[PDB]
Structure formats: C-alpha cells, structure tokens
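Only heavy atoms go into these numbers, but all of them, side chains included; no hydrogens, no water, no symmetry mates. We count ligands from 1, going down the list as the structure has it; atoms in each ligand are counted the same way. Below, read A as the first sequence line, B as the second, and so on, with proteins coming before strands; counting in each chain starts at 1.
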Amino acid sequence: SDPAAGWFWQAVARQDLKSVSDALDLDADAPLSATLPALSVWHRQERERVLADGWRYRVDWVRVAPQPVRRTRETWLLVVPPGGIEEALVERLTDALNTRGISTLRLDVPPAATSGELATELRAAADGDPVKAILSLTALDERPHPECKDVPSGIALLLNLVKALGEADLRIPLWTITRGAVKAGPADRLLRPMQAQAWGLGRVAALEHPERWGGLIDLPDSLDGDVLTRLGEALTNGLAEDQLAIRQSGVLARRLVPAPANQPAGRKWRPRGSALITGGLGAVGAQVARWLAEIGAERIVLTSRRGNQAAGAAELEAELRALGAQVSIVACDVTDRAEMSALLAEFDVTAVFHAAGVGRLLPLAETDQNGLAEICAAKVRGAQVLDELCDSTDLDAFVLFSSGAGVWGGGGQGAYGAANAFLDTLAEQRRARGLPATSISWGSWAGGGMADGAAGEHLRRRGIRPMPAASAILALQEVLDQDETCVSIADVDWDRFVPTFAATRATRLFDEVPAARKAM
Amino acid sequence: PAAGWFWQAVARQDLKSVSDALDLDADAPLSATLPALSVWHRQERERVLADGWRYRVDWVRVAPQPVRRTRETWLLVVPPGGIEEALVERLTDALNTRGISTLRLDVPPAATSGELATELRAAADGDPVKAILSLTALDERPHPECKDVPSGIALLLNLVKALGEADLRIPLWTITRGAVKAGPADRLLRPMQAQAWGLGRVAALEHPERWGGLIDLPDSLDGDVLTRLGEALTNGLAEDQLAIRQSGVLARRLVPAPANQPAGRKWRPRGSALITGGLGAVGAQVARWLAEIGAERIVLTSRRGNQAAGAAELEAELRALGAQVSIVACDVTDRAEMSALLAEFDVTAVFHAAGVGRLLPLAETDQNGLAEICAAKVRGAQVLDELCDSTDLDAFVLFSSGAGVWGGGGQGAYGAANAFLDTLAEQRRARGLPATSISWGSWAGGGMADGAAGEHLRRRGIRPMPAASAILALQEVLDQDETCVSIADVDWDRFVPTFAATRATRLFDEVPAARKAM
Ligand SMILES: NC(=O)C1=CN([C@@H]2O[C@H](COP(=O)(O)OP(=O)(O)OC[C@H]3O[C@@H](n4cnc5c(N)ncnc54)[C@H](OP(=O)(O)O)[C@@H]3O)[C@@H](O)[C@H]2O)C=CC1
Ligand SMILES: NC(=O)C1=CN([C@@H]2O[C@H](COP(=O)(O)OP(=O)(O)OC[C@H]3O[C@@H](n4cnc5c(N)ncnc54)[C@H](OP(=O)(O)O)[C@@H]3O)[C@@H](O)[C@H]2O)C=CC1
C-alpha cells in the first residue's frame, strides 16, 4: 500500500542516516524543526515518485533464434535512391539476395520523385514479373533536397513510396533497410539520426497499411563475414518480427521493456548557471521552467517564435520571478543558427531543454513533404542546431522532449513519430561522441499543450493516461539524476492500449511487458 | 496504526506531538532523531505483537448428530463427599434411557491407586466395561491427611494411575458441575472443580488411551439437560471438553482476543501494592512496572523474604524509581500473617505470583506432590480471596499459566493449580468483587521458563515473551478491566504437531494460524 513509508521504516531500522538525510535533503545535524517539514514533503513526493517508477520503459534488443534455411526463388523489387548509397553496397546486397533464392529487380529513383511517378514505376515492374516484396534502400539518402531543407530526401521518398503502393493498388510488403538508425548494443557507434526517421514513420506505416508493410531492418557498420546472409534470413523470418537489427552476434528484435529505476541515483541533478528552454512558453516548457526555478536555477532563458508576445508569457515571468529566478524571454526561432548561437554565448547557458515542436494527427495518405516539414522542422532542425552549438562536455544537460509516438507509434502520427525517433537517435549519437544527451519520450501530459485537444480524447481512447504535470517533472528529475540517455515515460493502460494497437497488425513489440501479455 | 498517526502528525505538521512521542526537543539533530524514531517504532511494533498474544476461551454451540449407538455397561465411580444420591439417580436413569447400563463403585476416602486398581480389576473381569464415568471431582472437601488438596482431585489422579496398574485402556469421563463459565449468567462457579479440568487436559495428553473427556453439568437439571448429557458422552467427534446448559451442548474453544478499543480506563495504584512471590522473576518485573507508574509503596512477600537473591539489589532499583519497599518473609498460605500484612500497609492492589513449578508426569505424581505444586498458588489465592472483601480494591490479579488453559505433558498438578485461578476470578466477579486472571505463556528471563524448563517449552512452540512486552499486555488487561485472558506467543506450526502428537484435538479450530499446521 505504501512502499515509500515501507522503505523509510526499513531505513529507520538499519539506522541509515546517510540514506535518510539524502532522501530528505538535509545534513546529519539538522534540527527536528527542519526535519519535520522536510519529511512531509519527501512523503508526498516519494509516493508520486513510486507511481512514476511504473511509467518507465526502455528499448531492448533480443536475440532471435535462426530458423532457416528455406525457400524457393522469388522476385523482389530493389528501390535505390539517388543519393546516400555506394554502388558497392548495392552489389553486395544484390549478390547476397541472389545466393539465397531472391532474384533482384533494380529500380532507380529520380531526385524528388512524387507518389504519382513511383506508382507508375511500381505498376510497370509489377506487370513485368511476379514481385513478392520490395526492399527499399531509400532511407540511406540523408541529404535534404535543396527545395525543402528540413526533410531528408530518402524519408520524403519512403513517404511517397508508401503512398505509391496505394495509388498503384499494389498490396506488396515493403521492407525498409537502414544502417545505424538504432543502437542495438553497446558497441554501436554508427548512429544516423536522419535514418531513425524511417523507423518513426515505419511503425506508423505498419499500423495504417499493414498489408503494404513488411518491416524495418538495421544493417551494421561492418558488413564482413555473414551479416549479409543473416539479412536474407531476416527478410524471411516467419516469426513475424518486423523491427530487426543485424549485428556480429546475429539477428536481434526490438522489444519494449519495463525499466524501473534501481536505486540509488549517483547524483542529485541541479542547474548551475543559465538554463535554456526552447518552446519554453508552451505547456510543457512552462512546467519545466517552474521546476528549474524551484530547484534554484539562477536564470531561465525561454525561447519561442512569439517570445514575449505569447499568451501567458507575462503570467509566467511573474511566477518564475516570484520563486526567485531571473527570467529572459526571447523571440527566437530554433532553426536559426546565428540567433541561437548569439543566444547561447550571451547567457552562457549550462543546461538546454528542447521542447520546440508541433503536434498534428494526419494519416500518412494525407501527408506530404510540406506537412512533414511543418511537423519536423523545429523539433528535428532545432535539435541539430542545438547539437552543433554545444560542442562541449561542460554542459549539465542536453535534454530532448520526445514522444511515445516515436517509440511504438500510433495511427495519425507518421510525421510526429518521424521527428521524435530522430531525437532518440540524436541523443545516442551524442553520447557516442562523448557529449551528454538525454531523450525522454513521454506519454501525454495533463494540463494544456499537445495532449489537450480532442487530441487528448483520441489518446485517452487509445489507452494513454495523461500524467499530472508534477509527477512528470518528478520523473524528469529522476532521469536526470540517473544520468540516463533514452527512456520512455508513459502511463499506459495496457488493457485498453493493446487491443487498439494490435487490431490491424500483430506485434511482438510488447512481449516483455507482463500487463501487455495479459491483454489478449 | 501508530504509523498512520505519525504520518498525519507529519503530514501537517506538528512539532509538539512528534516532539513528545520521541523524548527530544525541537532543536535535536537528525542524528539523534533517527535512533529515537527506531525506538518509538520498535515499541509501537511490539505493542501490535503483544496484541496478537491474546486469547480467550469461548464455548461453541454444537448439536451432536450421532445418535446411532446400541447398549453397553459403564462403570460409575462415586466419591464419599459432595454428591446427592438424587443426582446419582438422575444420571443412572438418563444413562439407562440411552442404552448404557450402570455399575456403581463407591470409593473409600483416601483410596490409593493400589486399592482402586483392585476394584477395577474386579469390575473388569465381572463385566465387559466399555467406559468409566467419574463423579469424584464433585467431592471438593480437602483430603483427610492433606489440607491443601481437594479430595475429588486426589481421587481423579489415583484413578488415572489405577487404570495404569490394571492396564485397562478404557476411557475415563470426568463430570463437573460449575467448573467452567460457559456464558454470561453462569453463576455457579466452583474453583476446586476447575482443577479437574487442568489435570484432565494433561491426562489426555499423557494417557490418550485412558481418557474420554470432561463435561460440566449446569445448576438445574430440568428440561433436556440430562438427555443432552447422554448425547455428549457418545458424540465421539473428538470433543472432549464440554458443557451442558439450558441452551444446549457447548464445546470449549481457544480464540484470539484482540483488544477492541477504546480502553475504558488507565490503571494505576492508589495505595500500597502487594506482590506475593514478589522476589521471583515475574514479581520483580511487575514491581518495577508498579514503581514506574507511581506506587506509593510496594510489598514483596516470600518465604525467603529478605534472604532471597536480589534482596537489596531489587529494592535499590525500586527506591530509585521513587518507591517505598517492604520486603517481608511471609507464607501466603498463612492466614494470620497475611491479614497482618494488608492492615499494616493499607494495601489497595494485589498481584498473586507465588507459585511453584515442576514438570512431572501424572504417573510419578501423588497427593504430596500435588500439594507442593498447588499449596502456594491455590491456598494462597484462597487466603487472599478471604481477606480483600472490598470493592474498594483496584486490581486483584492472578498470575496463571497456559498450562491451565490448554495443558502440556508433565504439567498435571501445575495445570490444576492454574485452572483453579481462572475459575476463582470468575467466581469473585460473580460476587461483585474485582478479579483478574491472566494465563501467561512463557516469559523471557529468570524464573519458571528459565532453565531446562524454558528449553522444554521452546521445543514445544512456546516463544518466551520479553518481560517488557508482557508488562504491556498486563497494563492493557487492567485498563480493559478484564477477567480471564490468555497471553502467550505461540509458534503454532511447531505447537500443533507436538501437542496433537498422540491425540487429536478440536481446541484450536478457531485459531487461523493453528489450522494451517495440521
Ligand atoms: N504535451 C504533451 O503531452 C507532450 C508533449 N511532448 C513534447 O513536448 C514538447 C512540448 O509540448 P507542449 O508543451 O505540449 O506543446 P506546446 O504546443 O504548448 O509548445 C510547443 C512550443 O514550441 C514552440 N515552437 C514552435 N516552433 C518553434 C520554432 N521554430 N522555434 C522555437 N520555438 C518553436 C511554439 O511556440 P511559438 O509558436 O511561439 O514558436 C510552442 O510554444 C513538444 O515538443 C512535444 O513534442 C511530448 C509528449 C507529450
Ligand atoms: N515464568 C513464567 O514464564 C510464568 C510464570 N507464571 C506464574 O508466575 C508466578 C511466578 O513466576 P516466577 O516469578 O517465574 O517464578 P519464581 O520462582 O521466580 O517466583 C515464584 C516465587 O513465589 C514464591 N513462593 C513460593 N511458594 C511460596 C509460599 N508458600 N508463600 C509465599 N511465596 C511463595 C517463591 O519465593 P520463596 O521461594 O522465597 O518462598 C518464589 O520467589 C507463578 O505463579 C507462575 O505460575 C505463569 C506463567 C508463565
């Protein structure tokens, strides 16, 4: 009933001054009169902290048992984007699909192909020979198109490819290959966040058009030995794994795993100097701001395109100043490198919180390259800009506000899932460079903001329970204290979530969440 | 529970209470606050534990269903004193109504197990004797050459042994009348007869073979009470501990007795408190507790008096908690001396802890042993009961044992003596005088559960209670103004299998723990 009070009395017996005085934020010599107040606060907070512990999840990778060899010869269409890919790689893949039955039919995509044009190429290849599946390589094409700077050209291509299979009425599994979009074990250092976008989108493609969608596979850095053979068997798995990574140690499948925090944490995180929240005048940024003020940030810099013009801006400066912090509210687009650069240097910021972003529910079929740009630009490109600046092990915190939409997905959330899966890989890439980064993909928050709409209705109806802001904050604190990289923090009603989520499409994604097992 | 208090005290936000519960000031560092918390919490915890040491005896309505029997012969054993021929005649007729035929043995006074064996030998060849029904426990008057010991109980014993020397292996059923209190307004209460239950419960364990059970008849034999008597003797469902009342047949059950707040009053002495056997182990603790809660004075008595180990040492502690102390050489069984003591010290609160403890199989037991074990405990209580005729007296407390409630191997005499105490207290209550009987499991420390004897009870499932918490329980019982309560820490999973080792029992069916050990 009360594990907090449990642990307290278990510390009281045991006589752990160290644990208790840490817990209460007090010195061994503190008077009872300071001790009592600190107790009631710890008590309210510990009970919410224990609640929030059960909201944590991480992404693991589990070994998938080899089960080949098998089958007779099929034709696959191999789709190759205009950039990002070495001929030597196409040949090695082609040659390894051949040595396992799969005959290859190569389609080369022109730059900025439309869904109309691709459906034509698909219609032609479909009639020619008997195509069983499509192996798309287009996600390796990271460069933006110059017309549309904020979208990687291969992700524009994936999109138009999912739509083109529709326009063509083509009912044929699409498989999406990436190299470095996931971290599947310690030792992965090829991390390519623009390619993670394929995974964020792909999970949604899988829900919206299960019939069009084979799966996602991540190739390793080193393609020596047998990895390319394992590719061939991965494409045929018949275990219905649809999120795979191929490594030195074989084929690995993506799982979501409860990640309860094993105590204690190795620090109590506090901002030193200035803290920056981009999108700091939104619902979530306002909370993050109140928290920083409460825990003694000397200055909070809040940015947004509207800046001081933003509804609530003057309320919020008042509240923050009433808690003793200095406040700077600036109008600044995240995507503007010079303005952000001047900004960081002027205030000497020591902690960055990236909350700039837009939410919109929009089916993949209704999404185009501009919509994708509209949704991604501040989140993704604001994250690169921040990453480029901040070339610095000194920073206390480089915290990205991501979403469950980017970790497991949901209908309507192609572009948003893409933008969010980028951040999780960006955070991993940064760590691999020796920099700090933290990416937290939230379930919805109570209060205003992105989960407040009829949108909040949709998400409640899918079995995501909004988290009280104060408990969300407590969980952020915890992540920061724990010095974590990626962790997902959501209050999910598994009874209701799973049946909705797995209506159209089976998934092994949640096999390791007990409450999710129960729910069919 | 405590905790729930603490957390709201903490919640918002009160130094005063928290500061008071822990002996320390608003200024105290956290490194003193910790230890103080652990000690508060540990005390509060032990309070809960000592709450779960409580049991009482209830009596459950059990209509016997087994009619079904046929016809046979019982021996019916009748003492010299305490029986109306009218009674013997009602019982003979009821036993004959239900198929049982009746052979009457009148037993000479002071009959030895030897003499008894003979007549039993004679009865057993002359007739196919199926059971034996003793009425001897009715004979309450003391043994001819043995003031300290009721005739009927010396007979019962000698009877148990007698079956021994004639290896008859036929069951003995013992009838009492008013030995037990089976519901409110049972007012015929006969402590000498209760001794039969204490010994009997032990006889059942030491000689299952030889033991039928115990049945208590009511005041008035009208309506069906004589009918039901026949039923109870041939119910056999075990059930060997039985009362018969206007409202049916009742079986004896041991039942957890959690304190059911509030606690009516907060008890303290108003004058001199006397503890008989006050220089024994338990005497010393209780005395420390009294002296602790503000007794003007404390009289400790004992045959040894001042020449007992702990002599002045004990007194020093007491004087030094701020008490007056009179250690007197006094024999509780001595009426004259005891009268003088209570007048002399205007004593308004009594705690009877004089007793004697040994483990002794029934077969090694005789009148003299029965007298050594009982004299102080029983005649002591009697003497204290005779004096102390005032409702003014705040306490009247009897230090009894679980050996008298459920029994154990080797504690026949001891069980008899304690059983006497429980019933006595009920009798005083019935007469409008205060009285309290607590039947303790074993205490940690010196005294009766100290030596080999503590080890013995250890193996049997009795966990010795820290003196300090036994005191917690005592205090509660007085505050609660209760009459009879058992207080013991029983490790049931060990207790049940060794207790019910040779003989089944229904006595614990109402203890949740006890049932998960069969
Ligand atoms: N609310 C929730 O439950 C969840 C939110 N999140 C994430 O948390 C973040 C905050 O969401 P929430 O607070 O709910 O949303 P809000 O819509 O309230 O705030 C987001 C803010 O981002 C700012 N922004 C947009 N574009 C830019 C830009 N180009 N440069 C700088 N700032 C910009 C916007 O302000 P302006 O227009 O003035 O520039 C807006 O105020 C979002 O990134 C969202 O992805 C994640 C999971 C759940
Ligand atoms: N120890 C335990 O755990 C339990 C104890 N009890 C009861 O508590 C009581 C005492 O226990 P405890 O203190 O452990 O045992 P002790 O032997 O320590 O104390 C018994 C004391 O009674 C005194 N006594 C014996 N005979 C007489 C007499 N004729 N007149 C006056 N005093 C006498 C003895 O003093 P002296 O020898 O100097 O005459 C002796 O000090 C007993 O009734 C026992 O039945 C009950 C249940 C459990």
Side-chain angles (χ1 to χ4, degrees), chain A residues 278-288 303-307 309-311 331-336 340 354-359 377-379 381-382 400-406 416 419-420 423 440-452 455-456 459 464 466-467 472 490, chain B residues 276-286 300-305 307-308 329-334 352-357 372 375-377 379-380 398-404 414 417-418 421 438-450 453-454 457 462 464-465 467 470 487-488:
Chain A
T278 72
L281 300 120
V284 167
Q287 304 285 5
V288 170
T303 67
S304 231
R305 285 165 309 172
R306 286 163 311 155
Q309 274 10 70
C332 190
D333 187 314
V334 249
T335 61
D336 185 331
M340 286 304 280
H354 186 49
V358 343
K379 182 163 290 277
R381 224 248 153 177
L400 309 172
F401 283 68
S402 197
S403 160
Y416 191 64
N420 286 291
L423 297 175
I440 300 178
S441 33
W442 300 91
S444 57
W445 285 59
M450 284 181 190
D452 195 25
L459 305 161
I464 306 292
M467 296 167 295
Chain B
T276 60
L279 292 107
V282 184
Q285 307 291 0
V286 175
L300 313 165
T301 54
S302 198
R303 297 165 301 160
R304 284 167 185 164
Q307 260 90 237
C330 193
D331 187 329
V332 260
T333 63
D334 200 342
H352 181 47
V356 151
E372 249 266 340
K377 188 157 276 270
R379 195 170 132 210
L398 300 161
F399 279 73
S400 189
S401 160
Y414 190 65
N418 292 287
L421 305 176
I438 297 187
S439 40
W440 301 98
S442 77
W443 279 62
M448 299 219 187
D450 180 37
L457 304 166
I462 305 102
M465 303 162 300
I487 305 214

What residue and atom, counting heavy atoms only, is the protein's closest point to [atom], and at what distance?
atom: atom 41 (O) of ligand 1; result: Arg306(A) NH2, 3.2 Å
atom: atom 46 (C) of ligand 1; result: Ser402(A) O, 3.3 Å
atom: atom 20 (C) of ligand 1; result: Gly357(A) O, 3.7 Å
atom: atom 4 (C) of ligand 1; result: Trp445(A) CD1, 3.9 Å
atom: atom 24 (N) of ligand 1; result: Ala356(A) CB, 4.0 Å
atom: atom 6 (N) of ligand 1; result: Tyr416(A) OH, 3.8 Å
atom: atom 36 (P) of ligand 1; result: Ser304(A) OG, 3.3 Å
atom: atom 42 (C) of ligand 1; result: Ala355(A) O, 3.4 Å
atom: atom 15 (O) of ligand 2; result: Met448(B) CG, 3.3 Å

Report yes if some N/O of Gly448(A) lies less than 3.5 Å from some N/O of ligand 1; otherwise report no.
->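 It does not: no N or O of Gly448(A) is found under 3.5 Å from an N or O of ligand 1.
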
Sub-3.5 Å N/O-N/O distance, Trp442(A) and ligand 1 |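 N/O-N/O distance under 3.5 Å: no.
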
Pick, from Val282(B), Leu457(B), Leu421(B), the option with the minimum heavy-atom distance to atom 11 (O) of ligand 2.
->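 Nearest heavy atom to atom 11 (O) of ligand 2 lies in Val282(B).
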
Would you tell me which option among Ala451(A), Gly443(A), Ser403(A) has the nearest heavy-atom contact to atom 48 (C) of ligand 1?
->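 Considering heavy atoms of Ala451(A), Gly443(A), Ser403(A), the nearest to atom 48 (C) of ligand 1 sits in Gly443(A).
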
Could you list which atoms of ligand 2 come closer than 4.0 Å to a heavy atom of [X]?
X: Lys377(B); result: 42 (C), 43 (O), 44 (C), 45 (O)
X: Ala376(B); result: 26 (N), 27 (C), 28 (C), 29 (N)
X: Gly447(B); result: 14 (O), 18 (O)

Please determine whether any non-hydrogen atom of [X] lies less than 4.0 Å from an atom of ligand 1.
X: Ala283(A); value: yes
X: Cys332(A); value: yes
X: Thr278(A); value: no
X: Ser444(A); value: yes

Counting heavy atoms only, which part of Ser439(B) comes closer than 4.0 Å to ligand 2: side chain, backbone, both or neither?
->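 Near ligand 2, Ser439(B) shows nothing, with every heavy atom at 4.0 Å or more.
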
With a 4.0 Å heavy-atom cut-off (strictly under), which part of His354(A) contacts ligand 1: side chain, backbone, both or neither?
->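 Neither; no heavy atom under 4.0 Å.
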
Looking only at distances, please establish whether an N/O atom of ligand 2 is found under 3.5 Å from an N/O atom of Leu279(B).
->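 Min N/O separation from ligand 2 is not below 3.5 Å for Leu279(B).
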
